[PDB]
Structures are given as structure tokens and as C-alpha cells.
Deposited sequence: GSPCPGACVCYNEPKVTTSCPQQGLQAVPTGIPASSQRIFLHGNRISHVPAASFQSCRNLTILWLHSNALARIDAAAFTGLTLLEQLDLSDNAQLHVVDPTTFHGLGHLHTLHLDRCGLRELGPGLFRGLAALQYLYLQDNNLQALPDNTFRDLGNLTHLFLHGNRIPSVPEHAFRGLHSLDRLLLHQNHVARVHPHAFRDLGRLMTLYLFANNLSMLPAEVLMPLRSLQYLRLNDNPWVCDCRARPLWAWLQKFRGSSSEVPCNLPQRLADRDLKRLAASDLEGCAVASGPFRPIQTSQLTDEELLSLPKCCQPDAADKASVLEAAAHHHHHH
């Protein structure tokens, strides 16, 4: 078992093939089949062809971040049934992941897809990832959150979606995420949230929605959040008239930690906080009650 190229090969704590920041233009040939950790980060790999690591049956960790990934083959990860961590982040020119790329990775615990320029989450992309706990999708180019996108992710605790261009939250965007603990949707273009979009998020404790385009929010959308303890809503154009009364009422009973809910309109209440207003301030109009 010769160590490929200028890689560093060692056995403890796990059999590791480390070849970082060597300017590699492709996955090196001859990676030992006993590899449990493969570090190919910081190079210049542009493609990941099919069965690139099929001999590493015991592969549990694979890092490909900070490369030049422009295309990943659909069968790139064939035979990696024991893969627990996959890192593809900091490849801002990836743009699109084939929807079959992650199939069969039933032991995957964490998946780093942040800063990959992702344009869309095609159907079936996260199918079958029943073990996944951490999913990093922030700092991409996402323009929609299709329904059932995380339907099989019953063990997901952390979903990072901030830093995209998501325009709204449909009803089934977060179906199945029963174990979800942290959900980060800030720094997007979220303008509306379906009243039942957070139906399965009864175990959620942190919800970040600041820096969006929310002008109102029906109190129904927060009602399923029985476990919530941190809520961010600042940097949104809140309308503080009759339409904000339900959100106002829910916030009066919230025992957790919440950010400012700054009023954008009317100018009389400019940058006042909704939770600190009186009910008499929320009368008249400036749909719904109007």
C-alpha cells in the first residue's frame, strides 16, 4: 500500500489519506482502499468521476472543500455506504448537484454544501438520508424551497439555509423535520410563510428569520413551535397595524428570547418594537382585517 503522490498516510486514530493544498487537478489515483478519512481539500479538483472512492469501503470522512468543483458525477460516491461526513463546501462554481449523487449514503451524519453556488435543490436530492443530522446549505444561490425537500430527514437537527434568495416558505417545505433543533432562514427574500409551514417543527428551539422581506406574519405560523426558545425577526419591513395583532399577541406570551420586531409602517411607529407596543397602537390599516 504505497501512499499516493505527496499525500500523507497514517493509521491512528483512523487510517487517513491526507493530500490537502497540493494543487491537485483531479482525485489522485492509488488512494489506499483501507482509507477511513480522505482529505482532498484546498486543491483544484474540477471533476469527481463515477466510483472515485468505491474501493474505500470503510470511508467515513471525505473532504473536498475549497477546490474547483464544476461537476460531480452522479455515481461519484458509489460503495461509500459507511460515509458519515461529506464536505463539498467552498466550491462556488458547483451550481448544480445531480439528484442521485447522495443516494445510498444511509450513514451520512453531516453534509457540507455551503458556498457552492447552488441554483436549485432538485427532486430527490436528499432522498433516503435518514441518518443526517447537520445540513449546511447557506451562502448559495437558492431561489425556491420546494415541498418535501427534506421529507426523509427525520434525524436532522440543524438546517442552515441562510444567505440565499428564497422568496417564500410553502406549507410542506419543512415536512418530516421532526428532530429539527436549529433552523436558519435569515438573509433571504422570504416574503410570506404558509400558516402551517412549521407544522412538524414542534421540537425546534432556534428560528432565525431576520433580514428578509416579511411585512406580516400570521400567528398560526408560530403556534406549532412549542419548544422555541430563540426567535430572530429584526431587519424586516413589519407593518404594525391591525394585521400585526396576532403576532403581537403570540409574542406577549412567548417566554423565550426574541429579537426586536421593528415597525416599518406607519412612520409614527418607525423602528419601535412590536412586542413593546400596546394593543391600542395596532388599530386601523396602512387584505386580512382591512
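A.B. asks: Missing C-alpha coordinates: which residue stretches of the deposited sequence does that apply to?
C.D. replies: Missing from the model are residues 1, 288-309, 314-334.
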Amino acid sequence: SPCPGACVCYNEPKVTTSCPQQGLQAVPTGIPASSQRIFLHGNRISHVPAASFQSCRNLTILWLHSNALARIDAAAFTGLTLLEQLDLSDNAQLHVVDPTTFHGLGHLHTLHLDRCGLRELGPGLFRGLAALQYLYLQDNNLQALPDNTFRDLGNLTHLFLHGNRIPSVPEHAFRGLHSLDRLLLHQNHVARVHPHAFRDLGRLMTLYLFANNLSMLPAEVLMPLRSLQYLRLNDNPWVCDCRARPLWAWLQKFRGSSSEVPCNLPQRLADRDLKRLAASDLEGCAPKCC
From here on, numbers count along this sequence of modelled residues.
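Each form is matched to the other, and the largest set of C-alpha atoms that superpose within 1.5 Å is called the rigid core.
A.B. asks: Do the Cα atoms of 128-136 or of 216-224 sit farther, on average, from the shown structure in 7 other deposited structures of this protein when the rigid core is superposed?
C.D. replies: Farther on average in 7 other deposited structures of this protein: 216-224.
A.B. asks: Quick check on residue 286: across the other compared entries (only those modelling residues on both sides), is it unmodelled in a third or more?
C.D. replies: Yes, residue 286 lacks coordinates in at least a third of the other compared entries that model both of its neighbours.
A.B. asks: Of the two stretches 25-33 and 58-66, which shows the higher Cα B-factor on average in the entry?
C.D. replies: The stretch with the larger mean CA B-factor is 25-33.
A.B. asks: If you average the CA temperature factors over each stretch, which comes out higher, 214-222 or 123-131?
C.D. replies: Comparing 214-222 with 123-131, the higher average CA B-factor belongs to 214-222.
A.B. asks: Could you place residue 46 in the lowest, middle or highest third of its chain by Cα temperature factor, using the values in the record?
C.D. replies: For residue 46, the deposited C-alpha B-factor lands in the highest third.
A.B. asks: What third of its chain's C-alpha B-factors does residue 253 belong to: lowest, middle or highest?
C.D. replies: Ranked within chain, residue 253 CA B lands in the middle tercile.
A.B. asks: Looking at the C-alpha B-factor of residue 73, is it in the lowest, middle or highest third of its chain?
C.D. replies: Its C-alpha B-factor belongs to the middle third of this chain's values.
A.B. asks: Using the B-factors in the PDB entry, rank residue 201's C-alpha atom against the chain and give the third, lowest, middle or highest.
C.D. replies: Middle third of the chain for residue 201's C-alpha B-factor.
A.B. asks: Quick check on the deposited entry: does the C-alpha B-factor of residue 139 sit in the lowest, middle or highest third of its chain?
C.D. replies: Answer is middle: the recorded C-alpha B-factor places it there.
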